[PDB]
file protein.cif (mmCIF, C-alpha atoms and all ligand atoms)
data_target
#
loop_
_atom_site.label_atom_id
_atom_site.label_comp_id
_atom_site.auth_asym_id
_atom_site.auth_seq_id
_atom_site.Cartn_x
_atom_site.Cartn_y
_atom_site.Cartn_z
CA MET A 25 0.00 0.00 0.00
CA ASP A 26 1.74 3.12 -1.32
CA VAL A 27 -0.25 5.81 0.56
CA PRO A 28 -1.14 5.67 4.20
CA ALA A 29 -4.59 4.51 5.33
CA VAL A 30 -7.17 7.05 6.40
CA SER A 31 -8.96 6.45 9.71
CA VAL A 32 -10.71 8.33 12.54
CA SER A 33 -9.76 8.51 16.20
CA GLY A 34 -12.00 10.75 18.27
CA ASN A 35 -12.18 14.20 16.65
CA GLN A 36 -9.30 13.64 14.21
CA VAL A 37 -9.05 12.20 10.73
CA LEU A 38 -5.70 10.39 10.70
CA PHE A 39 -3.37 9.49 7.87
CA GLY A 40 -1.20 6.48 8.76
CA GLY A 41 -2.13 7.11 12.37
CA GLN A 42 -1.00 10.80 12.21
CA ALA A 43 -3.27 13.84 12.84
CA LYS A 44 -2.58 16.42 10.16
CA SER A 45 -4.39 18.54 7.61
CA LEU A 46 -4.14 17.86 3.90
CA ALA A 47 -5.24 20.24 1.11
CA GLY A 48 -6.60 19.81 -2.35
CA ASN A 49 -9.25 20.61 -4.89
CA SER A 50 -12.77 19.68 -5.94
CA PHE A 51 -13.99 19.15 -9.48
CA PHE A 52 -17.31 20.70 -10.52
CA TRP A 53 -20.65 18.92 -10.91
CA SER A 54 -19.94 16.02 -13.24
CA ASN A 55 -23.28 16.39 -15.01
CA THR A 56 -23.43 15.99 -18.77
CA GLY A 57 -24.12 19.31 -20.47
CA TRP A 58 -23.13 21.45 -17.50
CA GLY A 59 -19.90 22.43 -19.14
CA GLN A 60 -17.16 21.17 -16.85
CA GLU A 61 -16.79 17.56 -18.08
CA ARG A 62 -13.59 18.39 -19.91
CA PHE A 63 -11.62 18.83 -16.66
CA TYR A 64 -12.26 15.22 -15.46
CA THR A 65 -8.93 13.97 -16.82
CA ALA A 66 -5.76 12.28 -15.70
CA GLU A 67 -3.79 15.25 -17.12
CA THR A 68 -5.66 17.61 -14.82
CA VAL A 69 -5.13 15.36 -11.77
CA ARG A 70 -1.38 15.18 -12.54
CA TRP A 71 -1.17 18.96 -12.82
CA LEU A 72 -2.93 19.46 -9.52
CA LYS A 73 -0.45 17.07 -7.94
CA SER A 74 2.68 18.66 -9.44
CA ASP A 75 1.83 22.34 -9.73
CA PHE A 76 -0.69 22.82 -6.88
CA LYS A 77 1.05 20.24 -4.73
CA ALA A 78 -2.48 18.96 -4.00
CA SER A 79 -2.80 15.92 -1.73
CA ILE A 80 -6.55 15.36 -2.41
CA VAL A 81 -8.90 15.58 -5.34
CA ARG A 82 -12.71 15.40 -5.05
CA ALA A 83 -14.85 13.97 -7.85
CA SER A 84 -18.29 15.61 -7.49
CA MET A 85 -20.81 13.30 -9.13
CA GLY A 86 -24.17 14.88 -9.89
CA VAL A 87 -27.04 12.55 -9.00
CA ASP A 88 -30.64 13.73 -9.37
CA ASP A 89 -30.64 16.86 -11.59
CA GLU A 90 -30.58 16.81 -15.44
CA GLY A 91 -27.56 15.19 -16.80
CA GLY A 92 -26.65 13.48 -13.52
CA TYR A 93 -25.86 9.87 -12.70
CA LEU A 94 -29.46 8.77 -12.34
CA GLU A 95 -30.01 9.69 -15.99
CA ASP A 96 -26.55 9.17 -17.48
CA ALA A 97 -23.87 6.61 -16.61
CA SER A 98 -21.20 8.86 -18.11
CA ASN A 99 -21.09 10.63 -14.73
CA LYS A 100 -19.69 7.45 -13.18
CA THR A 101 -17.12 7.13 -15.96
CA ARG A 102 -15.84 10.65 -15.20
CA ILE A 103 -15.57 9.75 -11.49
CA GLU A 104 -13.65 6.57 -12.44
CA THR A 105 -11.26 8.55 -14.67
CA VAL A 106 -10.34 10.81 -11.73
CA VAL A 107 -10.23 7.98 -9.17
CA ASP A 108 -7.98 5.87 -11.40
CA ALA A 109 -5.67 8.83 -11.97
CA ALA A 110 -5.52 9.69 -8.27
CA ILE A 111 -4.59 6.09 -7.44
CA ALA A 112 -1.90 6.04 -10.14
CA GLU A 113 -0.56 9.35 -8.82
CA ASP A 114 -0.73 8.40 -5.13
CA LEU A 115 -3.26 11.09 -4.26
CA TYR A 116 -6.29 10.77 -2.03
CA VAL A 117 -9.58 10.91 -3.90
CA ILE A 118 -13.06 11.63 -2.55
CA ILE A 119 -15.99 10.03 -4.42
CA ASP A 120 -18.75 12.60 -3.74
CA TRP A 121 -22.45 11.76 -4.18
CA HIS A 122 -23.10 15.39 -5.05
CA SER A 123 -26.77 15.70 -4.04
CA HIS A 124 -29.05 17.92 -2.00
CA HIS A 125 -31.74 15.20 -1.82
CA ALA A 126 -29.90 11.92 -1.17
CA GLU A 127 -32.52 10.64 1.30
CA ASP A 128 -34.89 10.32 -1.69
CA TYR A 129 -32.57 7.92 -3.57
CA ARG A 130 -31.28 5.65 -0.83
CA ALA A 131 -31.30 2.42 -2.90
CA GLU A 132 -29.40 4.06 -5.73
CA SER A 133 -26.75 5.43 -3.40
CA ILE A 134 -26.33 2.01 -1.81
CA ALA A 135 -25.91 0.34 -5.18
CA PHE A 136 -23.40 2.95 -6.41
CA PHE A 137 -21.29 2.89 -3.26
CA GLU A 138 -21.32 -0.93 -3.16
CA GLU A 139 -19.93 -0.88 -6.72
CA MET A 140 -17.30 1.70 -5.79
CA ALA A 141 -16.33 -0.28 -2.68
CA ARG A 142 -15.94 -3.46 -4.72
CA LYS A 143 -13.82 -1.70 -7.35
CA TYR A 144 -11.73 0.52 -5.12
CA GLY A 145 -12.00 -0.35 -1.42
CA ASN A 146 -8.61 -2.04 -1.21
CA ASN A 147 -6.89 1.18 -2.20
CA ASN A 148 -5.92 3.46 0.72
CA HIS A 149 -6.45 6.45 -1.61
CA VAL A 150 -10.23 6.23 -1.75
CA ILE A 151 -12.62 8.15 0.49
CA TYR A 152 -16.43 8.04 0.20
CA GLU A 153 -18.57 11.20 0.62
CA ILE A 154 -22.13 9.88 0.69
CA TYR A 155 -24.26 13.08 0.79
CA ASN A 156 -22.67 16.40 -0.34
CA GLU A 157 -25.09 19.00 1.13
CA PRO A 158 -28.30 18.09 2.94
CA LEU A 159 -30.75 20.98 3.08
CA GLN A 160 -32.79 22.17 6.06
CA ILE A 161 -33.65 18.66 7.14
CA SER A 162 -33.35 16.65 10.33
CA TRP A 163 -30.06 14.99 11.22
CA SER A 164 -31.57 12.35 13.48
CA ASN A 165 -34.74 11.66 11.53
CA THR A 166 -33.58 11.95 7.87
CA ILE A 167 -29.80 12.17 7.31
CA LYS A 168 -28.71 9.67 9.97
CA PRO A 169 -30.97 6.81 8.83
CA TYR A 170 -29.85 7.32 5.21
CA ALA A 171 -26.24 7.42 6.31
CA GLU A 172 -26.40 4.30 8.48
CA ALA A 173 -27.94 2.33 5.61
CA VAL A 174 -25.27 3.44 3.10
CA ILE A 175 -22.43 3.04 5.62
CA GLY A 176 -23.54 -0.47 6.54
CA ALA A 177 -23.60 -1.39 2.85
CA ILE A 178 -20.12 0.01 2.26
CA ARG A 179 -18.69 -1.51 5.44
CA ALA A 180 -19.88 -5.01 4.52
CA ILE A 181 -17.43 -4.78 1.58
CA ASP A 182 -14.83 -2.22 2.63
CA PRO A 183 -14.35 -2.30 6.43
CA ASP A 184 -11.81 0.50 6.77
CA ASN A 185 -11.84 3.33 4.21
CA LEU A 186 -13.09 6.68 5.41
CA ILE A 187 -16.74 7.64 4.93
CA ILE A 188 -17.65 11.33 5.26
CA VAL A 189 -21.31 12.20 6.05
CA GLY A 190 -23.03 15.47 5.13
CA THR A 191 -24.70 17.57 7.77
CA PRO A 192 -27.80 19.80 7.83
CA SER A 193 -27.98 23.26 6.25
CA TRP A 194 -25.49 22.80 3.41
CA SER A 195 -23.12 20.86 5.67
CA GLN A 196 -23.03 23.57 8.34
CA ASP A 197 -24.74 21.87 11.29
CA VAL A 198 -21.90 19.65 12.39
CA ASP A 199 -22.86 20.47 15.98
CA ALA A 200 -26.30 18.85 15.42
CA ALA A 201 -24.65 15.73 14.02
CA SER A 202 -22.30 15.65 17.00
CA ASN A 203 -25.28 15.48 19.37
CA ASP A 204 -26.37 12.15 17.79
CA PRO A 205 -23.22 10.68 16.22
CA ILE A 206 -22.95 7.50 14.16
CA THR A 207 -21.36 5.33 16.79
CA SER A 208 -22.10 1.97 15.20
CA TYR A 209 -19.39 2.14 12.55
CA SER A 210 -15.66 2.98 12.52
CA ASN A 211 -13.89 5.54 10.43
CA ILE A 212 -16.79 7.97 9.97
CA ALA A 213 -16.22 11.74 9.66
CA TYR A 214 -18.65 14.58 9.11
CA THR A 215 -18.76 17.29 6.45
CA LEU A 216 -18.11 20.98 7.07
CA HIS A 217 -18.60 23.45 4.16
CA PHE A 218 -17.85 27.17 4.27
CA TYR A 219 -17.58 30.09 1.86
CA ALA A 220 -15.44 33.01 2.98
CA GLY A 221 -17.99 35.67 1.92
CA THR A 222 -20.82 34.04 3.88
CA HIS A 223 -19.64 32.01 6.92
CA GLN A 224 -17.38 33.51 9.54
CA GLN A 225 -16.57 32.95 13.23
CA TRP A 226 -20.10 31.77 14.02
CA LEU A 227 -19.52 28.65 11.87
CA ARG A 228 -16.07 28.08 13.28
CA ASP A 229 -17.69 28.05 16.74
CA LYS A 230 -20.19 25.36 15.64
CA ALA A 231 -17.31 23.29 14.21
CA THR A 232 -15.36 23.72 17.46
CA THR A 233 -18.38 22.45 19.45
CA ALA A 234 -18.73 19.44 17.14
CA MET A 235 -15.09 18.45 17.56
CA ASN A 236 -15.31 18.96 21.36
CA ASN A 237 -18.35 16.68 21.37
CA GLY A 238 -16.11 14.03 19.86
CA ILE A 239 -16.62 13.95 16.08
CA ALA A 240 -14.08 14.43 13.33
CA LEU A 241 -14.67 16.95 10.54
CA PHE A 242 -13.52 17.04 6.93
CA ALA A 243 -13.99 20.27 4.95
CA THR A 244 -14.72 18.57 1.61
CA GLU A 245 -15.81 21.84 -0.07
CA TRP A 246 -15.04 25.47 0.58
CA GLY A 247 -14.76 28.68 -1.39
CA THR A 248 -13.01 32.05 -1.29
CA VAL A 249 -16.16 33.86 -2.44
CA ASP A 250 -19.86 33.92 -1.45
CA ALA A 251 -21.85 30.72 -0.83
CA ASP A 252 -23.49 30.82 -4.25
CA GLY A 253 -20.03 30.24 -5.80
CA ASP A 254 -19.72 33.79 -7.12
CA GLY A 255 -18.58 37.16 -5.75
CA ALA A 256 -15.47 38.83 -4.38
CA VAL A 257 -12.49 36.87 -3.21
CA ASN A 258 -12.32 37.43 0.57
CA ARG A 259 -8.75 36.93 1.55
CA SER A 260 -8.87 37.78 5.21
CA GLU A 261 -11.84 35.46 5.95
CA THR A 262 -10.32 32.68 3.80
CA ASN A 263 -7.13 33.03 5.75
CA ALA A 264 -8.96 32.89 9.10
CA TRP A 265 -10.50 29.59 8.00
CA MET A 266 -7.17 28.21 6.75
CA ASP A 267 -5.63 28.99 10.16
CA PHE A 268 -8.50 27.23 11.88
CA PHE A 269 -8.00 24.13 9.68
CA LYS A 270 -4.27 24.03 10.28
CA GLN A 271 -4.76 24.45 14.08
CA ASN A 272 -7.35 21.69 14.26
CA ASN A 273 -5.87 19.29 11.70
CA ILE A 274 -8.88 19.53 9.37
CA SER A 275 -8.33 18.46 5.77
CA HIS A 276 -9.97 20.42 2.98
CA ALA A 277 -10.76 20.75 -0.73
CA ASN A 278 -11.40 24.03 -2.57
CA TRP A 279 -14.37 24.67 -4.89
CA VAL A 280 -13.75 24.53 -7.83
CA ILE A 281 -11.90 23.19 -10.88
CA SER A 282 -14.08 24.88 -13.53
CA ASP A 283 -13.92 27.55 -16.18
CA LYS A 284 -17.51 28.77 -15.54
CA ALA A 285 -17.72 32.61 -15.31
CA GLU A 286 -18.11 32.85 -11.58
CA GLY A 287 -15.77 33.80 -8.86
CA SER A 288 -15.08 30.32 -7.36
CA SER A 289 -13.69 28.91 -10.60
CA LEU A 290 -9.96 28.19 -10.63
CA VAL A 291 -9.55 29.15 -14.33
CA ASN A 292 -10.82 31.64 -16.86
CA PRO A 293 -13.26 30.70 -19.61
CA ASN A 294 -11.65 28.52 -22.24
CA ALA A 295 -8.46 27.80 -20.26
CA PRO A 296 -6.62 24.61 -21.15
CA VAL A 297 -7.41 21.53 -19.08
CA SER A 298 -4.05 21.69 -17.40
CA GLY A 299 -0.75 23.63 -17.31
CA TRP A 300 -2.50 26.85 -16.15
CA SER A 301 -0.50 30.04 -16.11
CA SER A 302 -1.39 32.97 -13.87
CA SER A 303 -3.35 34.47 -16.77
CA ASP A 304 -5.25 31.20 -17.10
CA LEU A 305 -6.03 31.32 -13.32
CA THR A 306 -8.67 33.56 -11.90
CA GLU A 307 -8.23 35.77 -8.85
CA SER A 308 -9.45 32.84 -6.75
CA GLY A 309 -7.40 30.35 -8.67
CA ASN A 310 -4.12 32.25 -8.13
CA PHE A 311 -4.85 32.58 -4.40
CA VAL A 312 -5.93 28.93 -3.95
CA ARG A 313 -2.84 27.73 -5.82
CA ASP A 314 -0.72 29.59 -3.27
CA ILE A 315 -2.72 28.15 -0.31
CA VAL A 316 -2.47 24.54 -1.55
CA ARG A 317 1.18 24.78 -2.70
CA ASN A 318 2.30 26.10 0.66
CA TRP A 319 0.04 23.95 2.81
CA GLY A 320 2.71 21.44 3.85
CA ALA A 321 5.24 24.08 5.19
K K A 401 -18.07 6.29 14.41
MG MG A 402 -10.59 -0.67 2.39
MG MG A 403 -20.35 38.59 2.88
#
call {"tool": "encode", "arguments": {"input": "protein.cif", "output": "structure tokens", "more": "lines below"}}
Ligand SMILES: [K+]
Ligand SMILES: [Mg+2]
Ligand SMILES: [Mg+2]
result
Amino acid sequence: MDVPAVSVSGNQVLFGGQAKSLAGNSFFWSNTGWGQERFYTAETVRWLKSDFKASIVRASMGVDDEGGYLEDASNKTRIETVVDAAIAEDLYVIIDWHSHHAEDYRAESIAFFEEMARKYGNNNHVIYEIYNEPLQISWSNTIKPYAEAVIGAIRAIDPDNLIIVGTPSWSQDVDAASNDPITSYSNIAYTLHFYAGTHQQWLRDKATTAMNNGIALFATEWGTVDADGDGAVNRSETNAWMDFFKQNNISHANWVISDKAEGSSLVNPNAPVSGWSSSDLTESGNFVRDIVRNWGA
């Protein structure tokens, strides 16, 4: 095994037994026709590894909207392209069921994650993210029962690899999850998402409570801009979050590898799929490249 195994002990996600924070980058919605398919390539993964010094990539598979996995198996193929490349490159890779409604498609999630666990669960690289961003729904009554069903299905095949579970309110309410944690399975962490224009110390305080209640967090998506993925790059608030992640050994992936005309995109419209120069990178992209490159200092 050429990368260390990911596990959880108390409020820390460990890599080969070590508490630390790793950094990387999320792909956009995989959905056919949404414009960002062209970045789901081995070339792009290699460039993130070499030039961003990324440790993690996140493959964000659309599920239930037009063009998503429920309608079009090509979404899975794009995920596989990135997973295979991450394994070959000795990067961690998150397989993200990129839904806001996963409780409505429990059987389909189970079947997908069983397939992924069969294909990939003996690789230490692979991490499962079973529910991107629940909405304003109950942790105990809606998310938790979905999550226990999917986790049990994964764990029957793949006993060890990390599973990360979304939390209420766009993966903000990690404190609610921490009040009724998933104790019946090992190596479970919980999702925290922030955007620097929208979520400030109040959300850090909720995350701090969650960790001090005993659960481990993984910041599988965050942006430099506003929560809608557009707006001004907010350096000072981004940097306050980065300091909080480094202090608390929380790993993270930035939104997003995309050339869509919105502030969160790493690259300008029509940029090449890899090899990005500073003119190819957006204001966010240039700043994120510096954060991820220097993360290991
Ligand atoms: K657990
Ligand atoms: Mg395994
Ligand atoms: Mg604001």
call {"tool": "atom_distance", "arguments": {"input": "protein.cif", "atom1": "atom CA of residue A:158", "atom2": "atom CA of residue A:122"}}
result
9.9 Å
call {"tool": "closest_residue", "arguments": {"input": "protein.cif", "among": "A:252, A:26, A:290, A:167", "to": "residue A:146", "atoms": "only C-alpha atoms"}}
result
A:26
call {"tool": "residues_around", "arguments": {"input": "protein.cif", "residues": "residue A:191", "least_positions_apart": "6", "cutoff": "10 Å", "atoms": "all atoms listed in the file", "output": "PyMOL selection string"}}
result
chain A and resi 155-163+167-168+197-202+214-217
call {"tool": "residues_near_ligand", "arguments": {"input": "protein.cif", "ligand": "ligand MG 403 (chain A)", "cutoff": "12 Å", "atoms": "all atoms listed in the file", "output": "PyMOL selection string"}}
result
chain A and resi 218-224+248-252+254-262
call {"tool": "atom_distance", "arguments": {"input": "protein.cif", "atom1": "atom CA of residue A:289", "atom2": "atom CA of residue A:77"}}
result
18.1 Å
call {"tool": "atom_distance", "arguments": {"input": "protein.cif", "atom1": "atom CA of residue A:129", "atom2": "atom CA of residue A:207"}}
result
23.4 Å
call {"tool": "residues_around", "arguments": {"input": "protein.cif", "residues": "residue A:299", "least_positions_apart": "2", "cutoff": "9 Å", "atoms": "all atoms listed in the file", "output": "VMD selection string"}}
result
chain A and resid 67 to 68 71 75 296 to 297 301 304
call {"tool": "residues_around", "arguments": {"input": "protein.cif", "residues": "residue A:232", "least_positions_apart": "3", "cutoff": "12 Å", "atoms": "all atoms listed in the file", "output": "mmCIF file with C-alpha atoms, in the frame of the given file"}}
result
data_model
loop_
_atom_site.group_PDB
_atom_site.id
_atom_site.type_symbol
_atom_site.label_atom_id
_atom_site.label_comp_id
_atom_site.auth_asym_id
_atom_site.auth_seq_id
_atom_site.Cartn_x
_atom_site.Cartn_y
_atom_site.Cartn_z
ATOM 1 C CA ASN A 35 -12.180 14.200 16.650
ATOM 2 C CA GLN A 196 -23.030 23.570 8.340
ATOM 3 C CA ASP A 197 -24.740 21.870 11.290
ATOM 4 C CA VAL A 198 -21.900 19.650 12.390
ATOM 5 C CA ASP A 199 -22.860 20.470 15.980
ATOM 6 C CA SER A 202 -22.300 15.650 17.000
ATOM 7 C CA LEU A 216 -18.110 20.980 7.070
ATOM 8 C CA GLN A 225 -16.570 32.950 13.230
ATOM 9 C CA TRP A 226 -20.100 31.770 14.020
ATOM 10 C CA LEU A 227 -19.520 28.650 11.870
ATOM 11 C CA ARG A 228 -16.070 28.080 13.280
ATOM 12 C CA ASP A 229 -17.690 28.050 16.740
ATOM 13 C CA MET A 235 -15.090 18.450 17.560
ATOM 14 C CA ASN A 236 -15.310 18.960 21.360
ATOM 15 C CA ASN A 237 -18.350 16.680 21.370
ATOM 16 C CA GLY A 238 -16.110 14.030 19.860
ATOM 17 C CA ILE A 239 -16.620 13.950 16.080
ATOM 18 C CA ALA A 240 -14.080 14.430 13.330
ATOM 19 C CA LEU A 241 -14.670 16.950 10.540
ATOM 20 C CA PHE A 268 -8.500 27.230 11.880
ATOM 21 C CA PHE A 269 -8.000 24.130 9.680
ATOM 22 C CA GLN A 271 -4.760 24.450 14.080
ATOM 23 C CA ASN A 272 -7.350 21.690 14.260
ATOM 24 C CA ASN A 273 -5.870 19.290 11.700
ATOM 25 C CA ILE A 274 -8.880 19.530 9.370
#
call {"tool": "closest_atom_pairs", "arguments": {"input": "protein.cif", "of": "chain A", "to": "ligand K 401 (chain A)", "cutoff": "9 Å", "atoms": "only C-alpha atoms and all ligand atoms", "output": "Markdown table"}}
result
| residue | atom | partner | partner_atom | distance |
| --- | --- | --- | --- | --- |
| A:32 | CA | A:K401 | K | 7.9 |
| A:33 | CA | A:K401 | K | 8.8 |
| A:34 | CA | A:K401 | K | 8.5 |
| A:205 | CA | A:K401 | K | 7.0 |
| A:206 | CA | A:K401 | K | 5.0 |
| A:207 | CA | A:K401 | K | 4.2 |
| A:208 | CA | A:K401 | K | 6.0 |
| A:209 | CA | A:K401 | K | 4.7 |
| A:210 | CA | A:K401 | K | 4.5 |
| A:211 | CA | A:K401 | K | 5.8 |
| A:212 | CA | A:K401 | K | 4.9 |
| A:213 | CA | A:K401 | K | 7.5 |
| A:239 | CA | A:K401 | K | 8.0 |
call {"tool": "closest_residue", "arguments": {"input": "protein.cif", "among": "A:107, A:186, A:69, A:177", "to": "ligand MG 402 (chain A)", "atoms": "only C-alpha atoms and all ligand atoms"}}
result
A:186
